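# What the coordinates show
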Amino acid sequence: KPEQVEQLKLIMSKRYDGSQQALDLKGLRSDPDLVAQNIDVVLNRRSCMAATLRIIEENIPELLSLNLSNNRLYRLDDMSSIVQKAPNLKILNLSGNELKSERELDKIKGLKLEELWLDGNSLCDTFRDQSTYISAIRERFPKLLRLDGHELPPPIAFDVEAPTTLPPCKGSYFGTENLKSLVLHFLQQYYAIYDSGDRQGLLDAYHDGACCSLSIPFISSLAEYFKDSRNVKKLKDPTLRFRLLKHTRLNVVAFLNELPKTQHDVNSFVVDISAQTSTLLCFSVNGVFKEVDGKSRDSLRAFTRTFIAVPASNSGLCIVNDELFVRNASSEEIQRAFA
Amino acid sequence: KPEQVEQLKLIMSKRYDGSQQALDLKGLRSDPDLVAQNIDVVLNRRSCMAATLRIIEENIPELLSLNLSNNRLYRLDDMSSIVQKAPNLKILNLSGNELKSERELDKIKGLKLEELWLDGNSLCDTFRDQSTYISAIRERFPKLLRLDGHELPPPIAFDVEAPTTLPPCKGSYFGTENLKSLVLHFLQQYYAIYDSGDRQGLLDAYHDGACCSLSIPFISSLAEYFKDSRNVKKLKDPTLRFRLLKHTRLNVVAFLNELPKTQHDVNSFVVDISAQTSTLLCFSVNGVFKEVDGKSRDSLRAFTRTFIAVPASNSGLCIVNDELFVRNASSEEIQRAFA
Amino acid sequence: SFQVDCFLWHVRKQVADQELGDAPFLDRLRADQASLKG
Amino acid sequence: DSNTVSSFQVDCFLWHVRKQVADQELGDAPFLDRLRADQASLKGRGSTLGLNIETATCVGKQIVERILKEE
Amino acid sequence: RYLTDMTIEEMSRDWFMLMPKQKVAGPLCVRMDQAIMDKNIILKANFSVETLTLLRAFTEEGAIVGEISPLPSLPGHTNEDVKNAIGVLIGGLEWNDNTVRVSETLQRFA
Amino acid sequence: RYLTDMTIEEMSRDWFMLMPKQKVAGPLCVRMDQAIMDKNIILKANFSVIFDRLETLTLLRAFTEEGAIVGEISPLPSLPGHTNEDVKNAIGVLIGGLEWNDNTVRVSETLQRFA
Amino acid sequence: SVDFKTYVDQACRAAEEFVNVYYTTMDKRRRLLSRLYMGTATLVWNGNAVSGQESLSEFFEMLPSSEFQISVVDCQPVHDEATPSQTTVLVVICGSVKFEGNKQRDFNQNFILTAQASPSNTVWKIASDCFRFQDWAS
Amino acid sequence: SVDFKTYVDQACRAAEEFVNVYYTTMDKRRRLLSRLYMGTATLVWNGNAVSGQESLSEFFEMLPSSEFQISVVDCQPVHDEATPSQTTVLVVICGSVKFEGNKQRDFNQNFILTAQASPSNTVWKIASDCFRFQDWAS
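Residues numbered from 1 in each chain as written, not as in the entry; some residues may be left out. Chains lettered and ligands numbered in written order. Heavy atoms only, no water.

Structure determination for this entry, per the PDB record, employed X-ray crystallography and reached 3.800 Å resolution.

## Looking at the sheet that holds strand β7 (residues 206-215) of chain A
Residue and element names in this part refer to chain A. The following threshold applies: Strands are labelled as partners when DSSP assigns at least two bridges between them. Elements are defined by DSSP. Helices are runs of H or I of four residues or more, strands are runs of E of two residues or more, and each kind is numbered from the N terminus. Fitting a line to C-alpha atoms yields each axis, with helices limited to the stretch in contact; the angle taken between N-to-C directions then spans 0 to 180 degrees.
Pairing in this open sheet of 5 strands is mixed, and the strands run β7-β11-β10-β9-β8 from one edge to the other. Every other strand in the sheet has two partners, leaving β7 and β8 (270-276) as the edge strands with one partner each. Direction aside, neighbouring strands of the sheet carry axes that sit 20° apart on average. The sheet contact formed by strand β9 (residues 281-290) and strand β10 (residues 300-312) spans 10 bridges and is antiparallel. Across the sheet, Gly 287 pairs through a bridge with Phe 303, a residue of β10.

## Remarks on the domain arrangement of chain A
For clarity, the threshold we go by: The source of the domain bounds is an automatic or database domain assignment.
Segmentation of chain A into domains returns domain 1 (1-162) and domain 2 (163-339). If you average the C-alpha positions of domain 1 of chain A and of domain 2 of chain A, the two centres end up 73 Å apart.

## Focus: the packing of helix α3 (residues 130-140) of chain B against helix α1 (residues 5-28) of chain H
To keep things clear, this is the line we draw: An angle below 35 degrees is treated as roughly parallel, one above 145 as roughly antiparallel, one from 65 to 115 as roughly perpendicular, and anything else as oblique. We call two residues in contact whenever any of their non-hydrogen atoms come within 4.5 Å of each other. Nonpolar residues are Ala, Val, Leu, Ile, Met, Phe, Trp, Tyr, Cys and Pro. Charged residues are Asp, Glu, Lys and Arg, and all others, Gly as well, are polar.
Direction vectors running N to C along α3(B) and α1(H) enclose 80°, while the axes themselves pass 10 Å from each other. What the angle tells us is that α3(B) and α1(H) run roughly perpendicular. On α1(H), the residues touching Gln130(B), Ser131(B), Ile134(B), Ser135(B) and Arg138(B) of α3(B) are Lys5(H), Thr6(H), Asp9(H), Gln10(H) and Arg13(H). Taken together, the residues of the contact of α3(B) with α1(H) break down into 1 nonpolar, 5 polar and 4 charged.

## A closer look at a nonpolar patch on the surface
Operational definition: Every patch collects residues that have over 30% relative accessible area and no salt bridge, joining them within 9 Å if they carry like charges and within 5 Å if they are nonpolar side chains (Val, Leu, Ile, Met, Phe, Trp, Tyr). Per-residue accessibility takes into account occlusion by the displayed protein chains alone, with areas from the Shrake-Rupley method and a 1.4 Å probe. Salt bridges are defined by distance alone: a side-chain nitrogen of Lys or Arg within 4 Å of a carboxyl oxygen of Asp or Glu.
A surface patch of nonpolar side chains, amounting to about 240 Å² of accessible area, comprises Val24(E), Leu71(E) and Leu74(E). Relative to the assigned elements, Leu71(E) resides in the loop between β5 (64-70) and α2 (79-95).

## Here's the deal with the UniProt feature "repeat: LRR" in chain A
All names here are of chain A. In plain terms, the rule: UniProt positions are given in the numbering used here, feature names are shortened, and annotations may be inferred rather than shown by experiment.
With numbering aligned to this structure, UniProt lists the feature "repeat: LRR" at residues 62-87, 88-111, 112-139 and 140-167. Span residues 62-87 is 0% helix and 0% strand, its end C-alpha atoms 7 Å apart. Secondary structure across residues 112-139 comprises 32% helix and 11% strand; the distance between its end C-alpha atoms is 14 Å.

## Focus on the interface of chain G and chain A
Definition in use: Buried area is calculated as the accessible area (1.4 Å probe) missing from two parts once they are joined, with the contributions of both summed. Polar contacts here mean pairs of N or O atoms no more than 3.5 Å apart (in protein, one a potential hydrogen donor and the other a potential acceptor; neighbouring residues in sequence count only if both atoms are side-chain atoms).
Taken together, the contacts link 21 residues of chain G with 19 residues of chain A. Counting the surface lost from both chain G and chain A, the interface buries some 1,900 Å², and carbon and sulfur atoms represent 60% of this. Along the contact surface separating chain G from chain A lie 0 salt bridges. On inspection of chain G and its partner chain A, the count reaches 6 residue pairs in polar contact. Those elements that provide at least two residues to the side of chain G that touches chain A are α1 (5-28) and β6 (123-133) of chain G. For the side of chain G that touches chain A, the residue count by class is 9 nonpolar, 5 polar and 7 charged.

Structure (structure tokens):
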């Protein structure tokens with residue numbers, strides 16, 4: 001009855017603690033305000049529960065602590081609608097009720113709670129030991145901190161410290177600005193000759209006995225390099241391995257002019273200087289070039305060339321070993337064509 | 001005839017190099033040292049070769065180089081006995097000879113060769129490539145350095161640097177002579193009470209809340225300990241886990257009086273102080289004891305006991321946790337009875 | 001013809017620098033140098 | 001003293017190399033001049049010294065090599 | 001009369017510069033490497049005694065370390081600037097704690 | 001191939017014994033004089049060689065600077081053979097027996113190459 | 001405000017987790033084992049002593065590869081007086097191990113484990129470890 | 001006094017052994033990879049540079065676990081002029097790798113390997129290493 005309902009807000013503020021943001025309902029039926037006016041309010045049927053929901057949704061949906069001890073709560077089929085109204089709740093007490101199943105806890109298991117009390121409920125006899133009970137509650141709430149006034153020990157937690165951060169991918173490395181100027185000038189000159197079409201001028205950059213070889217990935221659009229790809233993991237014949245290698249500057253530069261004419265984006269070269277000693281200098285070059293002849297004259301290639309250089313007089317460097325890896329360009333490699 | 005050998009010594013001395021201890025028999029038929037004497041020397045017959053071997057066997061078995069090139073050497077079935085006569089011989093030349101089969105090579109694989117010549121012999125044609133031939137030469141001599149005047153690169157050798165040495169097993173660790181005297185002293189007191197027969201005197205060494213438990217390995221002589229052997233690997237029941245644990249100083253020393261009376265060899269105790277803090281001291285003790293009551297008073301046991309002790313007023317230490325591992329002693333543990 | 005002069009003179013000079021031989025033999029070596037010059 | 005004996009022995013070894021050239025009948029004109037002059041002077045020297053040419057013409061072979069081994 | 005301390009086989013080899021340093025101390029191009037630390041440095045050189053040709057320094061493995069070379073693009077090479085530059089190089093190397101062996105030919109002429 | 005340190009005129013000279021001492025140390029008869037005090041002794045000898053090691057012996061003799069014969073080594077007709085190690089034994093015998101009497105002893109340049 | 005039967009059952013339910021982590025990790029990922037020891041951890045291995053995170057990593061690089069088969073395990077929660085306000089458990093393990101190119105041996109080992117607290121997450125770390133072979137003298 | 005085709009066949013007969021060692025060892029025994037580099041070795045890994053046995057071991061401890069499947073290999077004998085009296089070989093490798101919790105990526109890498117002579121056993125060590133992703137910038 002609504003006249004009876006009217007007094008409920010009074011009795012709720014009567015048991016509302018503003019100092020601790022706690023609501024006390026320990027044994028609400030035997031509070032002689034229910035005996036007055038001849039109105040009793042039972043906490044099992046939904047009418048009273050929904051009235052309280054309306055009250056709280058209008059007054060204080062940010063409460064942190066709540067005490068519902070000893071209130072004959074048989075089932076919580078009707079309290080599942082508390083999660084959306086007061087999600088700030090941290091402390092909950094459900095002691096001394098008639099909660100038949102711990103599965104009833106699955107009916108409000110969407111909260112983020114800090115403290116719970118479940119003693120007095122008969123359900124505690126349904127577990128062999130205390131660990132089965134605590135783990136069955138962990139199945140519904142791991143957010144809790146203290147249960148039955150007992151501070152729960154933090155669970156098993158072994159951080160192996162397995163590292164998964166990959167270092168920063170930096171760009172061109174030369175070391176000294178002097179080696180930078182050196183290898184960059186060499187790249188510019190060499191690849192200027194290389195894109196002219198008459199590559200015969202490379203003979204003054206290569207050694208009499210400068211080796212050279214070509215490689216590509218395994219599967220065409222890149223057919224013209226296929227016939228000279230050298231991959232020793234896949235190729236077993238040793239004498240064929242020897243004849244598939246190019247040895248003298250004559251044979252090297254001839255084979256190099258046999259390759260389709262190119263245009264390299266040298267302004268977009270990426271150079272890695274691996275080792276520098278007094279007697280040799282190895283460095284790898286990652287870049288792009290476009291072909292201009294054949295059927296695939298619009299197809300664009302990406303390359304990773306490796307150079308080993310013995311010193312040459314007047315700050316020059318003579319290639320002794322040369323390995324050209326050629327692939328087709330990535331999508332964004334195509335996008336970042338030339339600057 | 002032996003005088004044939006006498007005259008052979010002359011031309012052997014003419015062809016002996018004293019700077020390099022080398023003997024040349026290259027193409028003995030040409031360059032008329034043989035022609036200026038009308039004697040042919042066939043290195044296929046066993047008598048002639050054995051005589052030539054004997055000359056050096058008497059004169060200079062410390063030869064460094066030997067040349068047997070171009071001497072119609074079909075088979076060496078009788079020269080395999082050369083390794084023992086001149087063992088300092090390191091360089092051997094068998095070029096342009098008639099070495100037909102590699103089957104001969106297994107008969108002389110006892111030399112210490114550094115340079116060998118086997119070109120011109122037809123057997124070298126029996127391999128498709130050079131790697132099979134070179135590995136077949138490694139099959140007989142890996143000591144070699146240069147073959148047929150060609151410098152062979154040292155072979156493939158990747159030492160993973162895999163460590164397999166176990167560090168030196170030292171004995172008792174105390175660190176400070178203060179902790180040494182202390183923990184030895186405490187072990188002495190506790191194990192003196194322990195062998196008195198009325199172990200109840202341990203109540204003042206244990207904590208009011210000091211736990212205790214017992215363990216033995218899995219396979220008997222250790223039957224009387226089964227009732228209190230505790231292995232969480234074998235035992236899953238949690239209430240049985242609690243009941244097999246000894247909790248209060250009272251229950252601990254009661255359970256400790258349940259075990260058969262003992263006599264420990266403390267002069268042979270092994271002490272490990274794991275952690276010393278301001279609030280605790282953990283240490284394990286490894287030793288032996290003989291029982292003196294019951295049926296197994298002739299059976300000897302070995303143990304690894306772990307103690308954790310908090311400091312106590314008047315320089316004492318209170319046991320808080322006690323774990324006793326008991327096994328029967330190994331044979332060598334029995335032998336090293338007392339010091 | 002001229003060479004045995006060269007080799008023998010080398011031999012005598014390196015006998016002399018080891019400080020070996022008579023003074024007349026060094027004098028005759030000096031005469032050898034003066035003659036080989038012409 | 002020993003310098004005199006050693007120098008005479010090396011002189012006679014040089015002359016023995018010369019006479020071996022004469023054993024191959026290469027009549028080297030200035031060198032044959034040196035040969036016959038050395039003969040006429042060294043026979044008299046050895047006659048005054050008291051050690052025969054047959055000693056020096058074979059002792060010099062090692063006196064020469066003592067210097068070559070020292071490089 | 002001239003000197004020869006280094007083989008023309010090893011005298012013709014070129015080199016790289018790890019820490020390149022160049023100085024003009026008169027008609028002189030003086031070139032140094034600073035990157036060599038705690039390694040034996042042997043000083044060998046061929047010269048006449050008046051004019052200059054070339055200065056080189058080796059390691060134990062056979063690597064060239066320091067050089068001094070005159071220029072025709074600059075005036076005539078007087079000896080004293082070179083003599084000062086020599087000490088300059090040895091000092092620059094004892095900076096890097098390189099133990100430095102000096103052959104005995106050099107002190108006779110500069 | 002052979003050596004010549006002694007002239008056949010000097011190869012044939014026989015000599016007297018002051019303090020005669022003869023010993024057989026291997027296949028060799030060694031003859032020495034002990035009365036000689038502090039006098040230079042030169043060892044000259046003729047023999048044959050094989051692999052830079054003495055094949056056989058012809059004669060070993062010791063002179064002064066004045067030319068007096070001191071010691072001899074001779075192979076034996078009762079024992080013809082003599083390997084170089086026996087020769088080395090005779091060599092050491094001579095070095096000792098002569099430095100006993102403090103006689104300075106010169107060694108010609110042929111012999112030391114082989115012992 | 002703290003239960004004991006729960007403390008013991010947590011020690012048990014924890015020790016087997018630690019075992020299944022530590023020995024598997026020494027067999028498989030040796031590079032990472034040292035990070036289980038807290039900075040002030042101590043270890044006595046056959047009488048030789050290791051102290052310090054960095055020197056722990058060094059020593060674990062120096063150890064040969066391993067093959068563990070564990071025989072028996074026991075655990076005890078350690079009284080609040082040994083490590084105040086620290087949840088700590090002692091674990092003892094007897095087992096066998098086969099090393100790289102070394103003869104297989106039986107061993108006893110004991111760890112002490114404390115949980116470190118962070119407002120983000122508490123984690124477990126070793127404070128003491130004692131390892132010794134049963135035939136260590138031979 | 002030295003053959004050339006033999007230099008090439010040793011280079012090939014060497015590269016597959018080195019690959020089968022290096023990548024299996026990084027996948028399986030990461031703690032041990034660092035000793036394959038000689039003391040003065042240098043490494044450029046995606047532009048970042050490592051110099052020294054010690055810091056190489058450090059870098060490989062810090063690297064995530066890996067799973068390499070190698071696509072293509074090429075090798076070249078290196079002229080006696082780059083390293084006098086040193087047998088030296090260059091290798092280039094295209095492949096893929098899946099890191100710990102990181103997307104699998106394609107890569108190019110190239111080593112230079114010299115054999116150094118020790119009277120116990122002549123052994124092979126890397127002197128330079130260059131590694132880069134094909135999509136490293138992204």
